[PDB]
Each structure stands twice: as C-alpha cells, then as structure tokens.
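Read the structure below first, then the notes.
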2 protein chains.
Amino acid sequence: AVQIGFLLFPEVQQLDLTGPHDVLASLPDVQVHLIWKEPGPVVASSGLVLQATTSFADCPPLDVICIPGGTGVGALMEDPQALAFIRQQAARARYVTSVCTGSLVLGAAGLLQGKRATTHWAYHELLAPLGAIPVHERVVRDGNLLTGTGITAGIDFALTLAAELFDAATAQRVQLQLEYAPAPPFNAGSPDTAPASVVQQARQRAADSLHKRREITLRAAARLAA
Amino acid sequence: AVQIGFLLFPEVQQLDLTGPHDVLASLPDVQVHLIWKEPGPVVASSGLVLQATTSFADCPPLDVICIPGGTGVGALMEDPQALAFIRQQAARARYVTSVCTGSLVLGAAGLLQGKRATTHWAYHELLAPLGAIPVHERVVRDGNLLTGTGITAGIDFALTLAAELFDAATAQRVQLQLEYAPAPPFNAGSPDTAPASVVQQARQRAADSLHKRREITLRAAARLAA
Ligand SMILES: [Cl-]
Ligand SMILES: [Cl-]
C-alpha cells in the first residue's frame, strides 16, 4: 500500500490539506495519515477541528509527504521536532510536496537549497533567503520536489501523482468520479489578473504577517548557515 | 453576522463541505456552523473525522444552508428529523444550496418540486422522480436555490455568494488571498469529455449504489406524494 502523509498543525489552512486528502483517499491501495506530535484534535485557522491519526514517532516510512500552509507556518518554521521529522521522511520519500506557504516549512528544513520552488504570492520574497531559486509558476517541479500555489493546488497535483503512481486512466477515473471541472466566477486569483485596487487591499492585509515572517525566515536561515 | 450552516453527516464526502467552509469562513462578519443531531465527532467517507458544532435544536436561523453529498446521502434521504430541519431552515434562508448528491437530499425534503436542479452525473436520473426539472449544467439557479456539480462546486459558488452578500470586490479579494486559480492536469471531469473507456469504468463502479438509491428515491417520492 502506498503511504501518504500530511502534516497537520495548529492554525493550518485546512483546505490546503483536505482537498488532496479526499482525492488521494479515493485511490486503491493507499493509506493516508494525518501527522502531528500525538494523535488527537488539531484546530485549523478557521476553527474547524481535525484529528491527527499518528505521531511523528509512530508514522511509517512515507512514499508521499505533503506540507500544507496556513497561519501556523510561522511556528512550524522554528519547531525543531517537526523540521527533523520532515527531513527524515524526505530522505526516502518518492514525492516531497507542499501547498501555498507550506513551502516555507520545506525551506526552513533546508530542503529548498538550490531548488526551484514557489509559494503564496504575498510571501514569495522569503524563498531566496532559504536558498531556493524562486519561480513564479503555479506548480514547480525539481526532481522529486513539487511545490504548488493556491489553496487547491493539492487537488490538481494529486491527479498528477495518481497518474505517476498508478496510470493516466486511474487519474482520469478519479477526476470523473469526483466530477472535478472547476470554473471560478471571477478571475482574481493572481496578482497579475486581479484589479490593482484588490491587490492593494490584499497586500495591506498581509503586511503584518509578512513582517513577522521576515524575522522568522532570517532566524531559520541562520540555522541553515550553521 | 451572516449565519451559514453546513449539514455534517456520517459518510459525507468531506471536500464537498470543507471547500466552501474555508472560503466562506474567510469573510468578515460571518459565523459558520457544522450541524448534526448533536455536537461531536462525525466520520466522513474517507475516514477523516470532523466535529459538528451544533445540534438541530440549537442551530440559529440560517441565512445560507448548504447540503454536501457523499455515500451517506442515502440514509439522509429517509431521515425524518434531518429532512424536517432542512425544510424549516429553507423556509426563511436567503440561499438554499447543495453540492453533488446533496441535491438528492433537497429532493427528498420536497424542495425541488417544480425547480430546475442538477446533481452528480451518475445519479442524474433520480432528479425527475423527486419532482425536479433536470438540468445538465454545473451550477443551476432557480430563485434562491443553487445546486452545483463537482466535488469543488461549493468553492466556486461560495465566491458568487460572497459577491451577492457583500460585493464583487470582496469576492475578488478572497479569491486573491487564497490564490485560487485551478488548472486540472486532465480533462476528464465530465462524461462528455472523459474517454469512453473511463466513463464505462466509472459507471460500472457506481452501479450498485445507483441501484440502491433508485429504491430509496422511490420511497422518498411516495412520501412526497402523500
Ligand atoms: Cl488554486
Ligand atoms: Cl468541481
């Protein structure tokens, strides 16, 4: 059975995780884990309560690891236990993946050094200090690393992983079973397509978070430099 | 505060719910409820454990009600307590909505009689016996009813509801904040675009479920005929 694991942490953006979870859980001969320091309740940034299924120490060797993003990424970038777990699993995983600001956690763990990667548009400047080659594309692959932008990045890249772990017909069948054919009613999902006034509002609302994450990123980079 | 409620039931397809939940929970001055017979754990069809936040009796009057789909829809179509709750809330709600097979629950409650509606492609033949005018479109509006197809239907229609409850700029800001710009790597999300061999596989895998739901639908229709 293919072993797939998601890191589940306080203040996660839950859709970053629950999207790919439902897609990948639809495949035959997979087992999906929700990993934290101990099994039990973990609260997402919206207040939704989720349950972790396994601890770091009890998690099996993973074939796929996925790091979601969210407010809670800042704490995780300086959590030595979580970073060590990610490094251990990444060493043998077939696919190391992240959604949105989850790539900043991979960066803090040292897994983006010399690698092409993306992250959420408002935090993209934090990739270079973590050693990455920043790329402004929605899905960026470098070897076995796959970083994706947008809250539903993991739904799309889960179909790619299905095709590569199984075959294209299996990925197509899952897409059809889920009737997955998005059609957003607005075209404002990128700073290059949204109205300038909307981009300003969004940047202003992210400014305090970006400031705090600049500080965290520099401390994380100092640890990598040692 | 706008009151938004999702029905959370055993064997729900969790993404049908968790997608619109994270979008709508991002708006100012909303309160989101996860409703079942009592607060506490409810297990989705994938095994993911979610928590209901309120009972039927304690739920406030809702401005928006959303019925997700999933395996568990069959039981809900013959649950008199759940159907009565849906009818009570629909009477005063500004928006009555569903995702995927959630529209079959609205049908069992009598809320599709004479109304245009859609549902998941494999179960579309069950709409007419519930009194609906079946429509093969991804999002179908009829008055204050909004039925949508696909596991992520509620992400897209949540942006529509944001624009109508607030304004277009608010919907665009949320889309940008979430960097929501899907791009599926395959084009098999409709029986009209998927390869014929894939459609056959998917129809065969749904056949036992469709048979059981034909029986349930006829009993539900008999109750409406009384
Ligand atoms: Cl997206
Ligand atoms: Cl969809």
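Note on naming: chains are A, B, ... as they come in the structure tokens, residues start from 1 per chain, ligands start from 1 in the order shown.
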Shell of 10 Å around ligand 1 (only C-alpha atoms and all ligand atoms), written as a list in words:
residues 16, 99, 100, 138, 148, 149, 150, 151, 152, 153, 154, 155, 156, 182, 184, 189 and 190 of chain A; 175, 176, 178, 179, 180, 181, 182, 183 and 184 of chain B
Saved selection, atoms kept: N, CA and C atoms, as a short mmCIF file (atom, residue, chain, number, x, y, z; two decimals), in the first residue's frame:
data_model
loop_
_atom_site.label_atom_id
_atom_site.label_comp_id
_atom_site.auth_asym_id
_atom_site.auth_seq_id
_atom_site.Cartn_x
_atom_site.Cartn_y
_atom_site.Cartn_z
N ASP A 16 -6.00 23.42 2.23
CA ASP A 16 -4.73 23.03 1.64
C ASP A 16 -4.52 21.52 1.78
N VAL A 99 1.84 22.84 -0.36
CA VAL A 99 0.79 23.73 -0.85
C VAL A 99 1.00 25.10 -0.22
N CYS A 100 0.96 26.15 -1.04
CA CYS A 100 0.94 27.53 -0.54
C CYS A 100 2.15 27.78 0.36
N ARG A 138 2.55 28.19 -11.06
CA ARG A 138 1.59 27.64 -10.11
C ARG A 138 2.06 26.31 -9.54
N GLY A 148 3.36 23.93 -4.96
CA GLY A 148 2.24 24.47 -5.70
C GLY A 148 1.58 25.63 -4.99
N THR A 149 1.02 26.56 -5.78
CA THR A 149 0.34 27.74 -5.28
C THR A 149 -1.16 27.55 -5.35
N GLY A 150 -1.85 28.26 -4.47
CA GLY A 150 -3.28 28.27 -4.40
C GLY A 150 -3.80 27.27 -3.40
N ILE A 151 -4.91 27.63 -2.77
CA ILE A 151 -5.50 26.79 -1.75
C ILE A 151 -5.85 25.41 -2.26
N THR A 152 -6.16 25.25 -3.56
CA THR A 152 -6.50 23.95 -4.14
C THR A 152 -5.38 23.35 -4.99
N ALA A 153 -4.14 23.86 -4.84
CA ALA A 153 -3.02 23.28 -5.58
C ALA A 153 -2.97 21.78 -5.43
N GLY A 154 -3.19 21.27 -4.21
CA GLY A 154 -3.05 19.84 -3.96
C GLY A 154 -4.10 18.99 -4.63
N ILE A 155 -5.27 19.54 -4.97
CA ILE A 155 -6.23 18.77 -5.74
C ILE A 155 -5.66 18.47 -7.13
N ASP A 156 -5.09 19.50 -7.78
CA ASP A 156 -4.54 19.32 -9.12
C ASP A 156 -3.30 18.44 -9.11
N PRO A 182 -13.44 22.63 -12.41
CA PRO A 182 -13.68 23.95 -11.81
C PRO A 182 -13.90 25.05 -12.83
N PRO A 184 -14.17 29.08 -11.90
CA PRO A 184 -14.37 30.17 -10.94
C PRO A 184 -15.16 31.31 -11.58
N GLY A 189 -7.55 35.41 -9.11
CA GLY A 189 -6.71 34.51 -8.32
C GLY A 189 -5.22 34.67 -8.47
N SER A 190 -4.76 35.72 -9.13
CA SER A 190 -3.35 36.02 -9.25
C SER A 190 -3.20 37.53 -9.16
N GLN B 175 -10.68 35.60 -3.34
CA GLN B 175 -10.05 34.77 -4.36
C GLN B 175 -8.55 35.02 -4.43
N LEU B 176 -8.15 36.29 -4.38
CA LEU B 176 -6.73 36.60 -4.45
C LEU B 176 -5.98 36.15 -3.21
N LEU B 178 -6.60 33.70 -1.36
CA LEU B 178 -6.45 32.24 -1.44
C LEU B 178 -5.66 31.78 -2.67
N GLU B 179 -5.30 32.70 -3.55
CA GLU B 179 -4.57 32.43 -4.80
C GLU B 179 -5.27 31.35 -5.62
N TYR B 180 -6.61 31.45 -5.70
CA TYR B 180 -7.45 30.39 -6.24
C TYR B 180 -7.56 30.55 -7.75
N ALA B 181 -6.89 29.64 -8.46
CA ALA B 181 -6.82 29.69 -9.92
C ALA B 181 -6.56 28.27 -10.42
N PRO B 182 -7.58 27.41 -10.38
CA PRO B 182 -7.36 25.99 -10.67
C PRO B 182 -6.97 25.72 -12.12
N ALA B 183 -6.26 24.61 -12.31
CA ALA B 183 -5.80 24.22 -13.64
C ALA B 183 -5.60 22.71 -13.63
N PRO B 184 -6.65 21.94 -13.79
CA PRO B 184 -6.53 20.49 -13.67
C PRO B 184 -5.62 19.94 -14.76
#
Please identify all polymer residues within 7 Å of residue 67 (chain B), counting only C-alpha atoms, omitting same-chain residues fewer than 4 positions from it, and present them as a ChimeraX atom specification.
/B:6-7,97-99,102
Any chance you can output those residues with N, CA and C atoms as a tab-separated table (two decimals), in the first residue's frame?
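Produced file part19.tsv, reproduced below:
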chain	number	residue	atom	x	y	z
B	6	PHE	N	-23.72	24.25	7.38
B	6	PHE	CA	-23.49	23.03	6.62
B	6	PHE	C	-24.02	21.84	7.38
B	7	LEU	N	-24.77	20.98	6.70
B	7	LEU	CA	-25.15	19.71	7.30
B	7	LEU	C	-23.95	18.77	7.26
B	97	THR	N	-28.60	25.77	-0.77
B	97	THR	CA	-27.60	25.30	-1.70
B	97	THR	C	-27.24	23.84	-1.45
B	98	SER	N	-26.69	23.20	-2.48
B	98	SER	CA	-26.18	21.85	-2.33
B	98	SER	C	-25.01	21.61	-3.27
B	99	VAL	N	-24.22	20.60	-2.94
B	99	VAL	CA	-23.09	20.14	-3.73
B	99	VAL	C	-23.32	18.68	-4.09
B	102	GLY	N	-25.82	16.06	-2.69
B	102	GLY	CA	-26.62	16.78	-1.73
B	102	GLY	C	-27.96	17.23	-2.27
Out of region 3-190 of chain A, which residues get helix (DSSP H, G or I) from DSSP, as a PyMOL selection string?
chain A and resi 14-24+73-76+80-92+102-108+121-126+128-130+153-165+168-177
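Among the candidates B:18, B:55, B:88, B:119, the residue lying nearest to chain A is B:18 (atoms considered: only C-alpha atoms).
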Nearest to chain B by atom-to-atom distance, counting only C-alpha atoms, from A:47, A:131, A:39, A:5
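Closest to chain B of all the choices is A:47.
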Give me, as a list in words, all polymer residues having an atom no more than 8 Å from region 82-86 of chain A, counting only C-alpha atoms and skipping those fewer than 2 positions away in the same chain.
residues 56, 76, 77, 78, 79, 80, 88, 89, 90, 105, 106, 108 and 109 of chain A
Create the file for the chosen residues now, containing N, CA and C atoms and written as a PDB file, in the first residue's frame.
ATOM      1  N   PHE A  56       4.678  11.571  15.216  1.00  0.00           N
ATOM      2  CA  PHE A  56       5.932  11.502  14.466  1.00  0.00           C
ATOM      3  C   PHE A  56       6.614  10.157  14.671  1.00  0.00           C
ATOM      4  N   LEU A  76       5.881  26.600  12.857  1.00  0.00           N
ATOM      5  CA  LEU A  76       6.483  25.370  12.369  1.00  0.00           C
ATOM      6  C   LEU A  76       7.872  25.600  11.794  1.00  0.00           C
ATOM      7  N   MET A  77       8.136  26.808  11.281  1.00  0.00           N
ATOM      8  CA  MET A  77       9.458  27.117  10.751  1.00  0.00           C
ATOM      9  C   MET A  77      10.537  27.143  11.813  1.00  0.00           C
ATOM     10  N   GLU A  78      10.163  27.159  13.084  1.00  0.00           N
ATOM     11  CA  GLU A  78      11.126  27.122  14.177  1.00  0.00           C
ATOM     12  C   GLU A  78      10.813  26.002  15.157  1.00  0.00           C
ATOM     13  N   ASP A  79      10.204  24.918  14.675  1.00  0.00           N
ATOM     14  CA  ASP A  79       9.880  23.768  15.506  1.00  0.00           C
ATOM     15  C   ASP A  79      10.872  22.671  15.190  1.00  0.00           C
ATOM     16  N   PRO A  80      11.895  22.455  16.016  1.00  0.00           N
ATOM     17  CA  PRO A  80      12.960  21.530  15.621  1.00  0.00           C
ATOM     18  C   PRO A  80      12.487  20.106  15.485  1.00  0.00           C
ATOM     19  N   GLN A  88      13.736  13.653   7.842  1.00  0.00           N
ATOM     20  CA  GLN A  88      13.866  12.193   7.846  1.00  0.00           C
ATOM     21  C   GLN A  88      12.984  11.559   6.777  1.00  0.00           C
ATOM     22  N   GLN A  89      11.734  12.003   6.684  1.00  0.00           N
ATOM     23  CA  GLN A  89      10.823  11.420   5.713  1.00  0.00           C
ATOM     24  C   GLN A  89      11.209  11.793   4.292  1.00  0.00           C
ATOM     25  N   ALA A  90      11.688  13.026   4.092  1.00  0.00           N
ATOM     26  CA  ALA A  90      12.035  13.466   2.742  1.00  0.00           C
ATOM     27  C   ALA A  90      13.194  12.677   2.162  1.00  0.00           C
ATOM     28  N   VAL A 105       7.999  25.996   5.081  1.00  0.00           N
ATOM     29  CA  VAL A 105       8.419  24.981   6.044  1.00  0.00           C
ATOM     30  C   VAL A 105       9.487  24.080   5.435  1.00  0.00           C
ATOM     31  N   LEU A 106       9.281  23.638   4.182  1.00  0.00           N
ATOM     32  CA  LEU A 106      10.336  22.913   3.495  1.00  0.00           C
ATOM     33  C   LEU A 106      11.621  23.742   3.435  1.00  0.00           C
ATOM     34  N   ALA A 108      12.625  26.123   5.622  1.00  0.00           N
ATOM     35  CA  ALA A 108      13.217  26.122   6.959  1.00  0.00           C
ATOM     36  C   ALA A 108      13.906  24.801   7.280  1.00  0.00           C
ATOM     37  N   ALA A 109      13.416  23.695   6.718  1.00  0.00           N
ATOM     38  CA  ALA A 109      14.024  22.391   6.931  1.00  0.00           C
ATOM     39  C   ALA A 109      15.275  22.180   6.093  1.00  0.00           C
TER      40      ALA A 109
END
When distances are computed from only C-alpha atoms, which of A:46, A:53, A:217, A:118 shows the smallest separation from chain B?
A:46
As a ChimeraX atom specification, please: every residue in region 21-201 of chain B that DSSP puts in strand (DSSP E).
/B:30-36,40-43,49-52,54-55,64-67,95-99,116-117,133-134,139-142,145-148
Shell of 9 Å around residue 29 (chain A), only C-alpha atoms, local chain residues under 3 positions omitted, as a list in words
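The contact residues come out as residues 1, 2 and 3 of chain A.
For residue 93 (chain B), the set of protein, DNA and RNA residues having any atom at most 7 Å away, when counting only C-alpha atoms and skipping those fewer than 5 positions along the same chain, is residues 62, 63 and 64 of chain B.
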Neighbour list for residue 159 (chain B) as number ranges by chain, cut-off 10 Å, only C-alpha atoms, skip fewer than 3 positions in-chain:
A: 184-186; B: 20, 23-24, 154-156, 162-165, 168, 170-172, 174-175
If you count only C-alpha atoms, which residues fall within 9 Å of residue 41 (chain A), apart from same-chain ones fewer than 5 positions away, as a list in words?
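Close residues of residue 41 (chain A): residues 49, 50, 51 and 52 of chain A.
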Please save N, CA, C and O atoms of the selected residues as an mmCIF file, in the first residue's frame.
data_model
loop_
_atom_site.group_PDB
_atom_site.id
_atom_site.type_symbol
_atom_site.label_atom_id
_atom_site.label_comp_id
_atom_site.auth_asym_id
_atom_site.auth_seq_id
_atom_site.Cartn_x
_atom_site.Cartn_y
_atom_site.Cartn_z
ATOM 1 N N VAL A 49 -12.172 21.743 13.523
ATOM 2 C CA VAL A 49 -11.370 20.816 14.310
ATOM 3 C C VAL A 49 -11.148 19.548 13.503
ATOM 4 O O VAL A 49 -12.098 18.893 13.078
ATOM 5 N N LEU A 50 -9.896 19.173 13.351
ATOM 6 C CA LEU A 50 -9.472 17.964 12.678
ATOM 7 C C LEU A 50 -8.765 17.051 13.666
ATOM 8 O O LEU A 50 -8.397 17.465 14.754
ATOM 9 N N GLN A 51 -8.602 15.781 13.309
ATOM 10 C CA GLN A 51 -7.942 14.813 14.176
ATOM 11 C C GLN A 51 -6.685 14.270 13.520
ATOM 12 O O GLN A 51 -6.747 13.698 12.425
ATOM 13 N N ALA A 52 -5.551 14.409 14.196
ATOM 14 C CA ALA A 52 -4.342 13.716 13.763
ATOM 15 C C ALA A 52 -4.476 12.235 14.112
ATOM 16 O O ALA A 52 -5.024 11.879 15.164
#
Can you work out the spacing between CA of residue 94 (chain B) and CA of residue 21 (chain B) in Å, to one decimal?
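So the two atoms, CA of residue 94 (chain B) and CA of residue 21 (chain B), lie 17.3 Å apart.
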Let me make sure I understand: among B:187, B:197, B:209, B:144, which one has the smallest atom-to-atom distance to ligand 2 if we use only C-alpha atoms and all ligand atoms?
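Closest candidate: B:187.
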With distances taken over only C-alpha atoms, which of B:22, B:142, B:11, B:167 is nearest to chain A?
B:22
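Counting only C-alpha atoms and comparing B:27, B:169, B:44, B:225, the residue that lies closest to residue 113 (chain B) is B:225.
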